[PDB]
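Given as structure tokens, the chain that follows is alone and in the form deposited in one PDB entry.
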């Protein structure tokens, strides 16, 4: 499929026009897999703009999947998209700005308690149960993909790797994700489904408890071989965690995806009863630390 034809299909979907009319004061706040993210001001609300080069993608079709999903799925725990545009060779998606940043910064700089860990898992499982029911697989669940509001509410972001399964095509086979968070069946190149996100969430629980995913200091291909061949990873800090948290994590990090717990199942797990309110996360954020 041609670039001119791909851009053409995307043009049918995005908002027409040049948003450099509506926006100014662009400040780069980071980089992802698919492009860069800036903050900008509307002509006075401030927004986040993700900018992706149509010609520089390993899997260009995923750009399409991204826009269509956030357009079609609004949930309290999912980052809201306001608009999307084509600007030269770039797809721009305009989204709400979340002042609390990403969970990565919390997990690498602080130790979360179980109330805080439970609140983050509850929020993510709520988003995923709704997405999974409609056949949407996120495929990049990790702390970097979890954003926080000023008052400590959790929002799933970074839908640039998502896919949708259906009755007609109920499994994917593509190798998409981030090595250390990838489910064994996905690493192995087997037909997979929504269950891959449950494993990835398990790995993000490890991040929240231990600060890092398993095998993080290994080359990514070596970590993927270990994920694929070995017993499920265990918490380095095990004696430090409750029986509720261990039993919860034991249901996520199940190698056989057919025996892995679903998002709907896990929403009924007693560990999530520990979830604290959003205000419990606030003191973990960079702006409130010293």
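Only residues modelled in both forms are compared. Positions refer to the first chain, counted from 1. Just so we're on the same page, rigid core means the largest C-alpha set that superposes within 1.5 Å between forms.
The entry models residue 222 and residue 223 with no unmodelled deposited residue separating them. Stretch comparison (158-166 versus 69-77) by mean CA B-factor in the PDB entry places 69-77 on top. Look at the C-alpha B-factors of 59-67 and of 258-266. On average they run higher in 59-67. Taking the deposited Cα B-factors for 207, 185, 115, 89, the highest one is held by 89. When the modelled residues of the chain are ordered by their C-alpha B factor, residue 278 lands in the middle third. Sort the modelled residues of the chain by CA B factor and residue 138 lands in the lowest third. In the PDB entry, a CA B factor belonging to the lowest third of its chain's modelled residues is recorded for residue 104. Among the modelled residues of its chain, residue 193 has a C-alpha B-factor that falls in the lowest third according to the deposited record.
Per-chain ranking of the deposited C-alpha B factor places residue 150 in the middle third.
The same protein also has a form solved in complex with a partner chain, omitted here; what follows describes it.
Checking 59, 51, 255, 234 for any heavy atom within 4.5 Å of its partner chain in the deposited bound form turns up a single hit: 59. Residue 177 is the only one of 214, 184, 152, 177 with a heavy atom lying within 4.5 Å of its partner chain in the deposited bound form. Looking at its partner chain in the deposited bound form, residues 31, 140 and 207 each place a heavy atom within 4.5 Å of it.
Contact annotation: residue 220 falls within 4.5 Å of its partner chain in the deposited bound form, judged by heavy atom distances. Although the partner is absent here, residue 144 is a contact residue: one of its heavy atoms lies within 4.5 angstroms of its partner chain in the deposited bound form. Using a 4.5 angstroms threshold between heavy atoms, residue 85 stays clear of its partner chain in the deposited bound form. Contact annotation for residue 104: at least one heavy atom lies within 4.5 Å of its partner chain in the deposited bound form. You can rule out all but one of 116-124, 86-94, 194-202, 168-176: in the deposited bound form, only 168-176 has residues with a heavy atom within 4.5 Å of its partner chain. Remark: 1-10 is the one run between the shown form and the other one in which three or more consecutive shared residues have Cα displacements of 2 Å or more on core superposition.
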